[PDB]
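One chain comes next, on its own, written out as C-alpha coordinates in the form deposited in one PDB entry.
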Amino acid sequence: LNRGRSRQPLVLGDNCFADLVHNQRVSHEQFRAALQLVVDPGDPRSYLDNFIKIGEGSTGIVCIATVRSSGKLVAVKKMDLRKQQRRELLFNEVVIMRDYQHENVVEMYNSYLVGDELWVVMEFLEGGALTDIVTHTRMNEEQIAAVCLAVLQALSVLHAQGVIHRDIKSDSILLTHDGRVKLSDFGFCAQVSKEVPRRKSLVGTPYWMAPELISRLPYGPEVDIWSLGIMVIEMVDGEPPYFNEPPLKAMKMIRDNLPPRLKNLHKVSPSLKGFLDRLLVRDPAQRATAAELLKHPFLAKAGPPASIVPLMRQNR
(Lines give C-alpha, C1' and ligand atoms only; values in the text may rest on other atoms or scores of the structure.)
Protein backbone atom coordinates (compact mmCIF):
# COMPACT_ATOMS: atom_id res chain seq x y z
CA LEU A 1 0.00 0.00 0.00
CA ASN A 2 2.59 2.47 1.27
CA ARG A 3 3.05 5.93 -0.19
CA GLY A 4 1.69 8.21 2.50
CA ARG A 5 -0.97 10.93 2.47
CA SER A 6 -3.45 8.08 1.92
CA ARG A 7 -7.07 8.65 2.91
CA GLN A 8 -8.36 5.16 2.10
CA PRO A 9 -9.74 2.84 4.81
CA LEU A 10 -8.39 -0.59 5.63
CA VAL A 11 -10.56 -3.60 6.36
CA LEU A 12 -9.55 -7.04 7.72
CA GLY A 13 -10.03 -8.59 11.15
CA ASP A 14 -9.27 -11.26 13.71
CA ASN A 15 -7.08 -13.61 11.61
CA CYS A 16 -3.61 -14.35 10.13
CA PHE A 17 -3.70 -11.68 7.35
CA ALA A 18 -4.23 -9.31 10.34
CA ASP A 19 -1.10 -10.68 12.02
CA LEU A 20 0.96 -10.52 8.77
CA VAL A 21 0.57 -6.81 9.24
CA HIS A 22 2.71 -6.54 12.38
CA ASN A 23 5.57 -5.59 10.12
CA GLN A 24 -17.65 -18.62 -4.56
CA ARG A 25 -21.06 -19.40 -6.17
CA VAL A 26 -22.66 -20.97 -3.04
CA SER A 27 -21.78 -18.21 -0.59
CA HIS A 28 -22.81 -15.43 -2.95
CA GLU A 29 -26.23 -16.80 -3.73
CA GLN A 30 -26.83 -17.30 -0.01
CA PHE A 31 -25.57 -13.78 0.85
CA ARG A 32 -27.51 -12.18 -2.03
CA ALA A 33 -30.74 -13.96 -0.98
CA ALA A 34 -30.29 -12.73 2.59
CA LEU A 35 -29.81 -9.09 1.50
CA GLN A 36 -32.79 -9.40 -0.78
CA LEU A 37 -34.93 -10.19 2.26
CA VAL A 38 -33.50 -7.37 4.34
CA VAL A 39 -33.85 -4.51 1.75
CA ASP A 40 -36.98 -2.82 0.42
CA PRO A 41 -38.38 -4.71 -2.54
CA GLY A 42 -38.52 -3.06 -5.97
CA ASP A 43 -36.28 -1.20 -8.38
CA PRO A 44 -35.54 2.51 -7.86
CA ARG A 45 -34.77 2.99 -11.59
CA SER A 46 -38.52 2.94 -12.00
CA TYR A 47 -38.88 6.21 -10.07
CA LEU A 48 -35.51 7.93 -10.59
CA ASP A 49 -34.10 9.86 -13.57
CA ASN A 50 -30.68 11.20 -14.34
CA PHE A 51 -28.07 8.99 -12.72
CA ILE A 52 -24.77 10.82 -12.67
CA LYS A 53 -21.75 9.49 -10.82
CA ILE A 54 -20.53 12.16 -8.37
CA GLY A 55 -18.24 10.19 -6.06
CA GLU A 56 -16.06 7.15 -5.45
CA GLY A 57 -15.63 5.10 -2.28
CA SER A 58 -13.95 2.12 -0.66
CA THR A 59 -17.15 0.10 -1.09
CA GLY A 60 -18.74 1.65 -4.17
CA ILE A 61 -19.78 4.69 -6.12
CA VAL A 62 -22.24 7.52 -5.42
CA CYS A 63 -24.48 9.12 -8.04
CA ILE A 64 -26.98 11.93 -7.78
CA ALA A 65 -30.44 11.28 -9.27
CA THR A 66 -33.83 12.85 -9.73
CA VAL A 67 -37.15 11.87 -8.23
CA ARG A 68 -39.09 11.78 -11.53
CA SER A 69 -42.48 12.76 -10.06
CA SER A 70 -41.11 15.70 -8.01
CA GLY A 71 -37.82 17.14 -9.27
CA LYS A 72 -36.28 16.46 -5.82
CA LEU A 73 -32.59 15.32 -5.73
CA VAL A 74 -31.34 12.20 -3.93
CA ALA A 75 -27.95 10.52 -3.67
CA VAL A 76 -27.57 6.85 -4.54
CA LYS A 77 -24.74 4.70 -3.29
CA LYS A 78 -24.12 1.55 -5.30
CA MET A 79 -22.10 -1.30 -3.94
CA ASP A 80 -21.04 -4.50 -5.63
CA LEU A 81 -21.59 -7.77 -3.79
CA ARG A 82 -18.56 -9.41 -5.39
CA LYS A 83 -16.23 -6.43 -4.92
CA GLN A 84 -16.31 -6.03 -1.13
CA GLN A 85 -13.38 -6.39 1.21
CA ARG A 86 -15.58 -7.99 3.88
CA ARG A 87 -18.91 -8.70 2.24
CA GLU A 88 -20.84 -8.97 5.53
CA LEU A 89 -20.23 -5.32 6.45
CA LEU A 90 -22.67 -4.34 3.73
CA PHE A 91 -25.50 -5.11 6.15
CA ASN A 92 -24.48 -1.92 7.93
CA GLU A 93 -25.22 0.32 4.94
CA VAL A 94 -28.84 -0.82 5.24
CA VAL A 95 -29.57 -1.37 8.91
CA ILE A 96 -27.79 1.51 10.71
CA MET A 97 -29.04 4.60 8.86
CA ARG A 98 -32.54 3.14 9.08
CA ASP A 99 -32.44 2.58 12.87
CA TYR A 100 -31.05 6.00 13.80
CA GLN A 101 -33.08 9.04 12.71
CA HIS A 102 -31.33 12.08 14.13
CA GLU A 103 -30.53 15.68 13.23
CA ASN A 104 -26.82 14.70 12.84
CA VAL A 105 -27.17 11.44 10.91
CA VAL A 106 -27.64 11.47 7.13
CA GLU A 107 -31.19 10.36 6.28
CA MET A 108 -31.78 7.14 4.33
CA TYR A 109 -34.89 6.83 2.18
CA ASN A 110 -34.70 3.25 0.89
CA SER A 111 -32.46 0.36 -0.06
CA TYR A 112 -32.76 -2.05 -2.92
CA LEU A 113 -30.99 -4.91 -4.57
CA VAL A 114 -30.13 -4.20 -8.20
CA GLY A 115 -28.32 -6.87 -10.17
CA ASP A 116 -25.34 -7.67 -7.98
CA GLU A 117 -25.32 -4.21 -6.50
CA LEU A 118 -26.76 -2.92 -3.25
CA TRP A 119 -28.30 0.52 -3.80
CA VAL A 120 -29.10 2.91 -1.04
CA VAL A 121 -31.11 6.00 -1.75
CA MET A 122 -30.21 8.67 0.84
CA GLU A 123 -30.57 12.46 1.21
CA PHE A 124 -28.17 14.53 -0.86
CA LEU A 125 -25.83 16.59 1.26
CA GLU A 126 -25.31 19.62 -0.93
CA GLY A 127 -22.61 21.05 1.36
CA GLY A 128 -19.89 18.53 0.60
CA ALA A 129 -17.49 16.84 2.95
CA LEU A 130 -15.60 18.44 5.79
CA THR A 131 -12.26 17.29 4.31
CA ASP A 132 -12.51 19.87 1.54
CA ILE A 133 -12.81 22.67 4.14
CA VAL A 134 -10.13 21.37 6.46
CA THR A 135 -7.52 20.98 3.65
CA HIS A 136 -8.17 24.46 2.21
CA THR A 137 -8.94 26.68 5.20
CA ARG A 138 -8.58 27.48 8.95
CA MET A 139 -11.59 26.96 11.17
CA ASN A 140 -11.84 29.12 14.25
CA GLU A 141 -12.76 27.56 17.62
CA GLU A 142 -16.39 28.64 17.25
CA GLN A 143 -16.71 26.61 14.04
CA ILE A 144 -14.59 23.70 15.32
CA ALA A 145 -16.82 23.51 18.43
CA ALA A 146 -19.94 23.44 16.23
CA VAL A 147 -18.51 20.50 14.29
CA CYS A 148 -17.59 18.39 17.32
CA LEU A 149 -20.96 19.05 18.93
CA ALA A 150 -22.82 17.64 15.93
CA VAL A 151 -20.51 14.65 15.57
CA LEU A 152 -20.66 14.02 19.34
CA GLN A 153 -24.45 14.16 19.45
CA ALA A 154 -24.55 11.47 16.73
CA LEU A 155 -21.87 9.36 18.39
CA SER A 156 -23.61 9.52 21.77
CA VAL A 157 -26.61 7.89 20.17
CA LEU A 158 -24.60 5.19 18.35
CA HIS A 159 -22.56 4.39 21.44
CA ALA A 160 -25.71 4.26 23.58
CA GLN A 161 -26.60 1.05 21.64
CA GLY A 162 -22.95 0.05 21.57
CA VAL A 163 -22.47 0.81 17.87
CA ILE A 164 -18.86 1.65 16.87
CA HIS A 165 -18.43 3.72 13.71
CA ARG A 166 -14.84 2.69 13.00
CA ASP A 167 -14.38 5.40 10.37
CA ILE A 168 -14.40 8.83 12.05
CA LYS A 169 -12.50 11.39 9.95
CA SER A 170 -13.38 14.52 7.95
CA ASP A 171 -14.32 12.49 4.85
CA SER A 172 -17.21 11.11 6.90
CA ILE A 173 -18.74 14.40 7.95
CA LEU A 174 -21.02 16.04 5.47
CA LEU A 175 -22.68 19.40 5.41
CA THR A 176 -25.92 20.97 4.23
CA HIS A 177 -25.75 24.24 2.29
CA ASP A 178 -27.01 26.10 5.35
CA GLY A 179 -24.15 25.02 7.61
CA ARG A 180 -25.76 22.00 9.25
CA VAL A 181 -23.58 18.98 9.93
CA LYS A 182 -24.31 15.27 9.59
CA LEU A 183 -22.30 12.11 10.22
CA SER A 184 -22.41 9.83 7.23
CA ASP A 185 -20.33 6.78 6.79
CA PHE A 186 -21.81 3.71 8.35
CA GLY A 187 -20.33 1.08 6.08
CA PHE A 188 -17.84 -0.25 8.65
CA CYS A 189 -19.73 -0.23 11.93
CA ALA A 190 -19.58 -3.03 14.46
CA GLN A 191 -21.72 -3.66 17.54
CA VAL A 192 -20.98 -4.54 21.12
CA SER A 193 -23.43 -5.79 23.71
CA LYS A 194 -23.46 -7.33 27.20
CA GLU A 195 -22.38 -10.65 25.62
CA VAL A 196 -19.97 -9.30 22.98
CA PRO A 197 -18.05 -6.80 25.13
CA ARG A 198 -15.38 -5.75 22.62
CA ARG A 199 -14.30 -6.33 19.00
CA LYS A 200 -10.96 -7.40 17.51
CA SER A 201 -11.30 -6.70 13.78
CA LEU A 202 -8.74 -4.38 12.24
CA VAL A 203 -10.93 -1.79 10.55
CA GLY A 204 -10.32 1.90 9.99
CA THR A 205 -8.17 4.45 8.26
CA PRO A 206 -4.53 4.02 9.39
CA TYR A 207 -3.74 7.66 10.40
CA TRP A 208 -7.00 7.83 12.37
CA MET A 209 -6.76 4.44 14.02
CA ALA A 210 -6.78 4.31 17.84
CA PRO A 211 -3.60 2.79 19.23
CA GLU A 212 -5.31 -0.11 21.06
CA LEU A 213 -6.92 -1.05 17.74
CA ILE A 214 -3.47 -1.05 16.10
CA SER A 215 -2.09 -3.15 18.97
CA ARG A 216 -4.66 -5.84 18.01
CA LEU A 217 -6.28 -5.68 21.46
CA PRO A 218 -10.03 -5.96 22.10
CA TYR A 219 -11.70 -2.56 21.58
CA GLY A 220 -14.96 -0.67 22.12
CA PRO A 221 -16.89 2.52 21.28
CA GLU A 222 -13.82 4.31 22.67
CA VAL A 223 -11.92 4.00 19.40
CA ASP A 224 -14.29 6.50 17.76
CA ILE A 225 -13.32 9.09 20.39
CA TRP A 226 -9.61 8.76 19.65
CA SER A 227 -10.41 9.14 15.97
CA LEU A 228 -12.40 12.27 16.79
CA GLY A 229 -9.31 13.65 18.52
CA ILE A 230 -7.45 13.09 15.30
CA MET A 231 -10.16 14.88 13.37
CA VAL A 232 -9.69 17.87 15.69
CA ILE A 233 -6.03 17.86 14.71
CA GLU A 234 -7.19 18.03 11.08
CA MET A 235 -9.44 21.03 11.71
CA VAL A 236 -6.63 22.87 13.45
CA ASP A 237 -3.41 21.68 11.70
CA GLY A 238 -4.89 20.64 8.29
CA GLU A 239 -3.93 16.96 8.16
CA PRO A 240 -3.57 14.12 10.70
CA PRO A 241 -0.30 13.35 12.52
CA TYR A 242 2.40 11.46 10.56
CA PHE A 243 0.30 12.00 7.40
CA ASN A 244 3.38 12.24 5.19
CA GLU A 245 4.72 8.86 6.34
CA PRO A 246 3.44 5.64 4.73
CA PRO A 247 0.35 4.17 6.47
CA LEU A 248 2.28 1.24 7.92
CA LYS A 249 5.06 3.44 9.26
CA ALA A 250 2.48 5.85 10.64
CA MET A 251 0.64 3.09 12.53
CA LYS A 252 3.87 1.84 14.08
CA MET A 253 4.52 5.36 15.39
CA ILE A 254 0.95 5.69 16.70
CA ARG A 255 1.28 2.46 18.70
CA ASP A 256 4.68 3.39 20.14
CA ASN A 257 4.63 7.17 20.80
CA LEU A 258 2.88 9.43 23.27
CA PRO A 259 -0.47 10.94 22.18
CA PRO A 260 0.15 13.59 19.46
CA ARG A 261 0.11 17.28 20.33
CA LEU A 262 -0.87 20.22 18.12
CA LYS A 263 1.91 21.99 16.19
CA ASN A 264 1.44 25.39 17.79
CA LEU A 265 -0.25 25.83 21.20
CA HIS A 266 0.34 29.62 21.18
CA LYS A 267 -3.05 30.64 19.86
CA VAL A 268 -5.32 27.76 20.95
CA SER A 269 -7.58 28.35 23.96
CA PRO A 270 -6.94 26.31 27.07
CA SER A 271 -10.58 25.26 26.71
CA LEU A 272 -9.88 23.51 23.41
CA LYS A 273 -6.48 22.22 24.59
CA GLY A 274 -8.20 20.63 27.61
CA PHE A 275 -10.87 19.13 25.36
CA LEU A 276 -8.36 17.37 23.13
CA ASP A 277 -6.53 15.95 26.14
CA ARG A 278 -9.79 14.20 26.91
CA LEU A 279 -9.87 12.65 23.46
CA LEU A 280 -6.34 11.48 22.66
CA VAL A 281 -5.73 9.34 25.74
CA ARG A 282 -3.81 6.10 25.03
CA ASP A 283 -5.52 4.12 27.80
CA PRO A 284 -9.18 3.76 26.67
CA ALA A 285 -10.51 3.28 30.22
CA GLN A 286 -9.22 6.80 30.96
CA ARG A 287 -10.34 8.34 27.64
CA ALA A 288 -13.69 10.18 27.72
CA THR A 289 -17.09 8.97 26.64
CA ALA A 290 -19.19 10.94 24.12
CA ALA A 291 -21.76 11.17 26.91
CA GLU A 292 -19.23 12.96 29.15
CA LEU A 293 -17.76 15.06 26.34
CA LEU A 294 -21.15 16.52 25.42
CA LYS A 295 -20.94 18.41 28.72
CA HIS A 296 -17.40 19.79 28.20
CA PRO A 297 -17.15 23.60 28.52
CA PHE A 298 -15.53 23.82 25.07
CA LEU A 299 -18.75 22.87 23.19
CA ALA A 300 -20.56 25.86 24.66
CA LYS A 301 -18.36 27.76 22.22
CA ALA A 302 -20.24 26.16 19.33
CA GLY A 303 -21.51 28.73 16.84
CA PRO A 304 -24.83 28.45 14.99
CA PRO A 305 -25.16 26.85 11.52
CA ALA A 306 -24.77 30.32 9.96
CA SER A 307 -21.17 30.41 11.17
CA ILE A 308 -20.26 27.33 9.10
CA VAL A 309 -21.69 28.72 5.86
CA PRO A 310 -18.62 30.90 5.03
CA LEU A 311 -16.30 27.87 5.13
CA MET A 312 -17.97 26.12 2.18
CA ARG A 313 -16.35 26.19 -1.31
CA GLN A 314 -19.20 28.24 -2.81
CA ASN A 315 -18.37 31.09 -0.41
CA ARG A 316 -14.55 31.02 -0.36
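Residue indices: 1-based, along the sequence shown. Just so we're on the same page, rigid core means the largest C-alpha set that superposes within 1.5 Å between forms.
The next section is about a form of this same protein that is not shown, the form deposited in another entry.
Superposing the rigid core between this form and the one not shown leaves a single residue from 178, 142, 103, 99 with a C-alpha shift of at least 2 Å: 99. Relative to the superposed core, residue 37 shifts its CA atom by less than 2 Å between this form and the one not shown. A displacement of less than 2 angstroms separates the C-alpha positions of residue 50 between this form and the one not shown, with the rigid core held in common.
Put the two forms on the same core and the Cα of residue 265 is off by 2 Å or more between this form and the one not shown.
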